[PDB]
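Notes follow once the structure below has been shown.
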Amino acid sequence: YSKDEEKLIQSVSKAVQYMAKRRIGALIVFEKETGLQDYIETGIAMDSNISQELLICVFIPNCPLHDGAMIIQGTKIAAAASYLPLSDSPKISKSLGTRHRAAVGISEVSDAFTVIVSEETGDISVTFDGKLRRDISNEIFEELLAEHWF
Amino acid sequence: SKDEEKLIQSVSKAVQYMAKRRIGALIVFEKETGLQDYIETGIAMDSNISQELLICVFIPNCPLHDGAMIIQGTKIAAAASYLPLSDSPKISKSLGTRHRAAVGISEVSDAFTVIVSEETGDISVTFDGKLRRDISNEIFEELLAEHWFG
């Protein structure tokens, strides 16, 4: 892995851990092969470089960009506050936030890789290919982020 | 010029919103004098400009609210940049440091800087070494257009 590719992962990883401990809900979608320009246009265009600080700033509660999904295209944030499709599978708990139903939702209609931070639990969750992995450790998140991103 | 009038509206509407809520803000737009020296002081963004993103950067306690946002052309080159503070004896000493930061970058370059006072909520501007205080919103858009797009 490139030195920069690792810098990005620690940036994203450090941001997720900050939000995890403070129970800040967060929802970040990483584009893979399926084009997500339909969903990127849902929100406010950023086309911005990544840094931990930006990631945290976007999800601050009572912030204009916290409501919705941040969508990442390659090494850039394509948009924030995107509306993703919500999922209807009856196997989602219903004790689970809209963010979670959105991430499995986008997981059903594309190959995208999405990380969710539960505003109520602080657990780190991941979705891809219609499948959900819940309450992963930081080590596993960095492991999985790298595979799907790079 | 249509694209410019929407950028001016983006910047102007955000500045007024922060003004009414007494949110401190400090934004410098570069013209002729390169600031890449100061842009490297802060967090690299290279981000498109939008009303929501300007406001999110300066929400109090946001990791980027402390410092200067620097704008290059139609993009935000960096946020939370360190500008040099000025030592002129006509400065109130009755004003937050944000004011003296804009008078600082005004002395060493031709840059155009806007300030929103955290304690007062008034709108100020600096260029060519002098500070102009509590201008109206109508006047602020006129000067921004003048200095940003010639």
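Convention: chains lettered A, B, ... in structure tokens order; per-chain residue numbering from 1; ligands numbered from 1 as shown.
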
Which chain A residues are at most 8 Å from chain B (counting only C-alpha atoms), as a PDB file with N, CA, C and O atoms, in the first residue's frame?
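Full text of part-v2.pdb as output:
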ATOM      1  N   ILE A  44     -25.007  18.214  -1.443  1.00  0.00           N
ATOM      2  CA  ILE A  44     -24.230  19.400  -1.780  1.00  0.00           C
ATOM      3  C   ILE A  44     -22.868  18.957  -2.296  1.00  0.00           C
ATOM      4  O   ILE A  44     -22.123  18.266  -1.596  1.00  0.00           O
ATOM      5  N   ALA A  45     -22.553  19.352  -3.526  1.00  0.00           N
ATOM      6  CA  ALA A  45     -21.294  18.976  -4.154  1.00  0.00           C
ATOM      7  C   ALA A  45     -20.119  19.564  -3.387  1.00  0.00           C
ATOM      8  O   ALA A  45     -20.140  20.736  -2.993  1.00  0.00           O
ATOM      9  N   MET A  46     -19.104  18.737  -3.148  1.00  0.00           N
ATOM     10  CA  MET A  46     -17.883  19.187  -2.487  1.00  0.00           C
ATOM     11  C   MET A  46     -16.669  18.990  -3.380  1.00  0.00           C
ATOM     12  O   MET A  46     -15.913  19.946  -3.598  1.00  0.00           O
ATOM     13  N   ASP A  47     -16.491  17.796  -3.944  1.00  0.00           N
ATOM     14  CA  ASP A  47     -15.315  17.447  -4.738  1.00  0.00           C
ATOM     15  C   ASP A  47     -14.052  17.932  -4.011  1.00  0.00           C
ATOM     16  O   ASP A  47     -13.273  18.751  -4.499  1.00  0.00           O
ATOM     17  N   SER A  48     -13.871  17.396  -2.806  1.00  0.00           N
ATOM     18  CA  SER A  48     -12.901  17.901  -1.846  1.00  0.00           C
ATOM     19  C   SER A  48     -11.916  16.821  -1.400  1.00  0.00           C
ATOM     20  O   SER A  48     -12.224  15.627  -1.425  1.00  0.00           O
ATOM     21  N   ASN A  49     -10.719  17.259  -1.008  1.00  0.00           N
ATOM     22  CA  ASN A  49      -9.710  16.376  -0.434  1.00  0.00           C
ATOM     23  C   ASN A  49     -10.142  15.901   0.954  1.00  0.00           C
ATOM     24  O   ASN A  49     -11.006  16.499   1.604  1.00  0.00           O
ATOM     25  N   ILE A  50      -9.530  14.831   1.405  1.00  0.00           N
ATOM     26  CA  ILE A  50      -9.908  14.242   2.641  1.00  0.00           C
ATOM     27  C   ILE A  50      -8.984  14.464   3.756  1.00  0.00           C
ATOM     28  O   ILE A  50      -7.812  14.460   3.611  1.00  0.00           O
ATOM     29  N   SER A  51      -9.577  14.681   4.890  1.00  0.00           N
ATOM     30  CA  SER A  51      -8.846  14.891   6.063  1.00  0.00           C
ATOM     31  C   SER A  51      -9.777  14.548   7.130  1.00  0.00           C
ATOM     32  O   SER A  51     -10.947  14.602   6.976  1.00  0.00           O
ATOM     33  N   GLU A  53     -10.330  16.111   9.750  1.00  0.00           N
ATOM     34  CA  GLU A  53     -11.066  17.237  10.202  1.00  0.00           C
ATOM     35  C   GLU A  53     -12.267  17.506   9.393  1.00  0.00           C
ATOM     36  O   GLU A  53     -13.264  17.848   9.938  1.00  0.00           O
ATOM     37  N   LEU A  54     -12.184  17.377   8.096  1.00  0.00           N
ATOM     38  CA  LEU A  54     -13.336  17.633   7.272  1.00  0.00           C
ATOM     39  C   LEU A  54     -14.436  16.652   7.538  1.00  0.00           C
ATOM     40  O   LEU A  54     -15.559  16.999   7.650  1.00  0.00           O
ATOM     41  N   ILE A  56     -15.066  14.932  10.234  1.00  0.00           N
ATOM     42  CA  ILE A  56     -15.714  15.225  11.530  1.00  0.00           C
ATOM     43  C   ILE A  56     -16.583  16.460  11.411  1.00  0.00           C
ATOM     44  O   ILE A  56     -17.661  16.457  11.929  1.00  0.00           O
ATOM     45  N   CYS A  57     -16.112  17.471  10.708  1.00  0.00           N
ATOM     46  CA  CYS A  57     -16.859  18.744  10.613  1.00  0.00           C
ATOM     47  C   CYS A  57     -18.201  18.557   9.929  1.00  0.00           C
ATOM     48  O   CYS A  57     -19.099  19.292  10.245  1.00  0.00           O
ATOM     49  N   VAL A  58     -18.250  17.699   8.930  1.00  0.00           N
ATOM     50  CA  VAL A  58     -19.477  17.424   8.148  1.00  0.00           C
ATOM     51  C   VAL A  58     -20.564  16.779   8.983  1.00  0.00           C
ATOM     52  O   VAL A  58     -21.701  16.944   8.650  1.00  0.00           O
ATOM     53  N   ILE A  60     -20.997  17.071  12.324  1.00  0.00           N
ATOM     54  CA  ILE A  60     -21.315  17.713  13.599  1.00  0.00           C
ATOM     55  C   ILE A  60     -22.823  17.906  13.711  1.00  0.00           C
ATOM     56  O   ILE A  60     -23.470  18.326  12.734  1.00  0.00           O
ATOM     57  N   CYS A  63     -25.435  20.778  11.902  1.00  0.00           N
ATOM     58  CA  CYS A  63     -24.531  21.260  10.846  1.00  0.00           C
ATOM     59  C   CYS A  63     -25.313  21.094   9.562  1.00  0.00           C
ATOM     60  O   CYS A  63     -26.015  20.132   9.422  1.00  0.00           O
ATOM     61  N   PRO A  64     -25.179  21.977   8.585  1.00  0.00           N
ATOM     62  CA  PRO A  64     -25.980  21.873   7.402  1.00  0.00           C
ATOM     63  C   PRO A  64     -25.718  20.615   6.576  1.00  0.00           C
ATOM     64  O   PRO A  64     -26.548  20.279   5.822  1.00  0.00           O
ATOM     65  N   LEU A  65     -24.566  19.989   6.728  1.00  0.00           N
ATOM     66  CA  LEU A  65     -24.265  18.802   5.928  1.00  0.00           C
ATOM     67  C   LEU A  65     -24.371  17.471   6.684  1.00  0.00           C
ATOM     68  O   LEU A  65     -24.002  16.431   6.121  1.00  0.00           O
TER      69      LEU A  65
END

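Look at region 133-135 of chain B: the protein and nucleic acid residues within 8 Å of it, using only C-alpha atoms and passing over chain neighbours fewer than 2 places away, are residues 122, 123, 124, 125, 131, 137, 139 and 140 of chain B.
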
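Remark: for residue 112 (chain A), the closest of the candidate residues A:141, A:128, A:83, A:59 is A:128 (distances computed over only C-alpha atoms).
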
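CA of residue 1 (chain A) sits 25.8 Å away from CA of residue 132 (chain A).
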
query = Hey, what's within 6 Å of residue 19 (chain B) if we count only C-alpha atoms and toss same-chain stuff fewer than 4 positions away? As a PyMOL selection string, please?
reply = chain B and resi 15+116+121

Can you write out the residues you just picked, keeping N, CA and C atoms, as an mmCIF file, in the first residue's frame?
data_model
loop_
_atom_site.group_PDB
_atom_site.id
_atom_site.type_symbol
_atom_site.label_atom_id
_atom_site.label_comp_id
_atom_site.auth_asym_id
_atom_site.auth_seq_id
_atom_site.Cartn_x
_atom_site.Cartn_y
_atom_site.Cartn_z
ATOM 1 N N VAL B 15 -22.191 34.411 5.004
ATOM 2 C CA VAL B 15 -21.670 35.473 5.865
ATOM 3 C C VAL B 15 -22.801 36.124 6.652
ATOM 4 N N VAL B 116 -16.357 38.264 10.390
ATOM 5 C CA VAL B 116 -17.610 38.361 11.117
ATOM 6 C C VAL B 116 -17.262 38.225 12.596
ATOM 7 N N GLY B 121 -21.155 40.377 15.825
ATOM 8 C CA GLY B 121 -21.914 39.957 14.658
ATOM 9 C C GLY B 121 -21.858 40.889 13.467
#

DSSP alpha helix (DSSP H) selection over region 12-149 of chain A, as a ChimeraX atom specification = /A:12-21,37-40,52-58,98-109,138-149

message = So that I can check the secondary structure, give me every residue of chain A assigned strand (DSSP E) by backbone DSSP, as a VMD selection string.
response = chain A and resid 26 to 30 44 to 48 69 to 73 76 to 82 113 to 117 124 to 128 131 to 133

Pull N, CA, C and O atoms from the residues just selected and write them as a short mmCIF file (atom, residue, chain, number, x, y, z; two decimals), in the first residue's frame.
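Printed below is selection_26.cif as written:
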data_model
loop_
_atom_site.label_atom_id
_atom_site.label_comp_id
_atom_site.auth_asym_id
_atom_site.auth_seq_id
_atom_site.Cartn_x
_atom_site.Cartn_y
_atom_site.Cartn_z
N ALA A 26 -22.83 8.95 11.82
CA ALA A 26 -22.06 9.21 10.61
C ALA A 26 -22.38 8.11 9.62
O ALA A 26 -22.70 6.97 10.00
N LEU A 27 -22.31 8.46 8.33
CA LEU A 27 -22.65 7.54 7.26
C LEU A 27 -21.87 7.95 6.02
O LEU A 27 -22.15 9.01 5.44
N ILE A 28 -20.91 7.12 5.62
CA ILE A 28 -19.97 7.44 4.54
C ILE A 28 -19.98 6.30 3.53
O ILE A 28 -19.70 5.15 3.88
N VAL A 29 -20.23 6.63 2.26
CA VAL A 29 -20.32 5.65 1.18
C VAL A 29 -19.10 5.79 0.29
O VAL A 29 -18.80 6.90 -0.19
N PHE A 30 -18.45 4.69 -0.03
CA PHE A 30 -17.27 4.74 -0.90
C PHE A 30 -17.61 4.11 -2.24
O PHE A 30 -17.99 2.99 -2.26
N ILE A 44 -25.01 18.21 -1.44
CA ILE A 44 -24.23 19.40 -1.78
C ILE A 44 -22.87 18.96 -2.30
O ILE A 44 -22.12 18.27 -1.60
N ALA A 45 -22.55 19.35 -3.53
CA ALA A 45 -21.29 18.98 -4.15
C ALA A 45 -20.12 19.56 -3.39
O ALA A 45 -20.14 20.74 -2.99
N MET A 46 -19.10 18.74 -3.15
CA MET A 46 -17.88 19.19 -2.49
C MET A 46 -16.67 18.99 -3.38
O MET A 46 -15.91 19.95 -3.60
N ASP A 47 -16.49 17.80 -3.94
CA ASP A 47 -15.31 17.45 -4.74
C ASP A 47 -14.05 17.93 -4.01
O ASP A 47 -13.27 18.75 -4.50
N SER A 48 -13.87 17.40 -2.81
CA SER A 48 -12.90 17.90 -1.85
C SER A 48 -11.92 16.82 -1.40
O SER A 48 -12.22 15.63 -1.42
N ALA A 69 -25.83 11.30 3.60
CA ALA A 69 -24.66 10.46 3.42
C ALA A 69 -23.53 11.27 2.81
O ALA A 69 -23.76 12.08 1.91
N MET A 70 -22.32 11.06 3.30
CA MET A 70 -21.14 11.55 2.60
C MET A 70 -20.71 10.47 1.62
O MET A 70 -20.65 9.28 1.98
N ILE A 71 -20.46 10.86 0.37
CA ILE A 71 -20.12 9.91 -0.67
C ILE A 71 -18.73 10.24 -1.19
O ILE A 71 -18.46 11.38 -1.56
N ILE A 72 -17.87 9.22 -1.24
CA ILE A 72 -16.46 9.39 -1.57
C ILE A 72 -16.18 8.67 -2.89
O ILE A 72 -16.51 7.49 -3.05
N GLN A 73 -15.55 9.38 -3.82
CA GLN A 73 -15.21 8.86 -5.14
C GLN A 73 -13.70 8.87 -5.25
O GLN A 73 -13.10 9.93 -5.48
N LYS A 76 -11.54 11.64 -3.23
CA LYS A 76 -12.21 12.92 -3.07
C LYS A 76 -13.59 12.69 -2.49
O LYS A 76 -14.17 11.60 -2.64
N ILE A 77 -14.11 13.69 -1.78
CA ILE A 77 -15.47 13.63 -1.25
C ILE A 77 -16.35 14.24 -2.33
O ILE A 77 -16.30 15.45 -2.57
N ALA A 78 -17.17 13.42 -2.99
CA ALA A 78 -17.95 13.95 -4.10
C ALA A 78 -19.07 14.84 -3.60
O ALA A 78 -19.34 15.90 -4.20
N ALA A 79 -19.73 14.45 -2.50
CA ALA A 79 -20.82 15.24 -1.93
C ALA A 79 -21.11 14.77 -0.50
O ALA A 79 -20.74 13.67 -0.09
N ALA A 80 -21.80 15.65 0.24
CA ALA A 80 -22.26 15.39 1.60
C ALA A 80 -23.77 15.58 1.65
O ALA A 80 -24.37 16.15 0.74
N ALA A 81 -24.40 15.07 2.71
CA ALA A 81 -25.85 15.17 2.88
C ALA A 81 -26.60 14.57 1.67
O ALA A 81 -27.59 15.13 1.20
N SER A 82 -26.13 13.42 1.18
CA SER A 82 -26.83 12.71 0.12
C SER A 82 -27.93 11.84 0.69
O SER A 82 -27.83 11.30 1.78
N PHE A 113 -19.25 0.38 -0.81
CA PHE A 113 -18.81 0.02 0.53
C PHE A 113 -19.17 1.16 1.48
O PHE A 113 -18.71 2.29 1.30
N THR A 114 -19.93 0.87 2.51
CA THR A 114 -20.41 1.94 3.39
C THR A 114 -20.12 1.67 4.85
O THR A 114 -20.40 0.61 5.29
N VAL A 115 -19.66 2.68 5.57
CA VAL A 115 -19.37 2.55 7.01
C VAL A 115 -20.41 3.37 7.74
O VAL A 115 -20.69 4.41 7.27
N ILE A 116 -20.96 2.87 8.83
CA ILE A 116 -21.98 3.62 9.60
C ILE A 116 -21.52 3.73 11.04
O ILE A 116 -20.96 2.80 11.51
N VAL A 117 -21.76 4.84 11.69
CA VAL A 117 -21.42 4.91 13.13
C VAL A 117 -22.75 5.12 13.82
O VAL A 117 -23.40 6.05 13.49
N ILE A 124 -19.41 0.52 15.25
CA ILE A 124 -18.94 0.77 13.90
C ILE A 124 -19.49 -0.38 13.07
O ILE A 124 -19.28 -1.56 13.40
N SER A 125 -20.24 -0.05 12.02
CA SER A 125 -20.83 -1.05 11.15
C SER A 125 -20.41 -0.78 9.71
O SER A 125 -20.04 0.34 9.35
N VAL A 126 -20.49 -1.83 8.90
CA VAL A 126 -20.06 -1.83 7.50
C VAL A 126 -21.06 -2.61 6.67
O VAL A 126 -21.58 -3.64 7.13
N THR A 127 -21.33 -2.15 5.44
CA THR A 127 -22.24 -2.85 4.54
C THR A 127 -21.65 -2.93 3.15
O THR A 127 -21.04 -1.97 2.66
N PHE A 128 -21.83 -4.09 2.52
CA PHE A 128 -21.50 -4.25 1.11
C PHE A 128 -22.16 -5.53 0.60
O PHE A 128 -22.33 -6.50 1.35
N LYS A 131 -24.88 -7.37 2.40
CA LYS A 131 -24.48 -8.01 3.65
C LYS A 131 -24.05 -6.94 4.65
O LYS A 131 -23.59 -5.85 4.28
N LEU A 132 -24.26 -7.23 5.93
CA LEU A 132 -24.00 -6.33 7.04
C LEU A 132 -23.02 -6.96 8.03
O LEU A 132 -23.17 -8.13 8.39
N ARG A 133 -22.03 -6.18 8.48
CA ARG A 133 -21.15 -6.55 9.58
C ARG A 133 -21.23 -5.47 10.65
O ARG A 133 -21.05 -4.29 10.35
#

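Between residue 6 (chain B) and the residues B:74, B:41, B:126, B:36, the shortest atom-to-atom distance, using only C-alpha atoms, involves B:74.
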
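CA of residue 113 (chain B) sits 12.7 Å away from CA of residue 35 (chain B).
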
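Distances from B:23, B:146, B:3, B:10 to residue 60 (chain B) were compared using only C-alpha atoms, and the smallest one belongs to B:23.
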
key: Contact residues around region 90-106 of chain B with only C-alpha atoms at 10 Å, ignoring same-chain residues under 2 positions, as number ranges by chain   = B: 24-28, 35, 38, 66-68, 82-88, 108-120, 124-133

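By only C-alpha atoms, and with residues fewer than 3 positions from residue 129 (chain A) along its chain excluded, the set lying at most 8 Å from it is residues 107, 108, 110, 111 and 112 of chain A.
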
Restricting it to N, CA, C and O atoms, dump the selection as a compact mmCIF listing (two decimals), in the first residue's frame.
# COMPACT_ATOMS: atom_id res chain seq x y z
N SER A 107 -26.50 -0.81 -0.10
CA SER A 107 -25.82 -2.08 -0.28
C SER A 107 -26.59 -3.02 -1.21
O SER A 107 -25.98 -3.89 -1.85
N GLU A 108 -27.92 -2.89 -1.26
CA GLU A 108 -28.73 -3.76 -2.11
C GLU A 108 -28.69 -3.35 -3.58
O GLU A 108 -28.73 -4.21 -4.47
N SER A 110 -26.22 -1.50 -5.11
CA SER A 110 -24.90 -1.28 -5.70
C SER A 110 -23.84 -2.05 -4.94
O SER A 110 -24.11 -2.66 -3.90
N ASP A 111 -22.62 -2.03 -5.48
CA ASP A 111 -21.48 -2.71 -4.88
C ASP A 111 -20.75 -1.81 -3.89
O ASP A 111 -19.70 -2.20 -3.39
N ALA A 112 -21.29 -0.63 -3.62
CA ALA A 112 -20.60 0.37 -2.81
C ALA A 112 -20.29 -0.18 -1.42
O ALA A 112 -20.95 -1.09 -0.92

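The shell of residues at most 9 Å from residue 84 (chain A), with only C-alpha atoms counted and near chain neighbours (fewer than 2 positions) removed, consists of residues 39, 42, 68, 69, 82, 86, 102, 103, 105 and 106 of chain A.
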
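Across the structure, CA of residue 5 (chain A) and CA of residue 17 (chain A) are spaced 18.4 Å apart.
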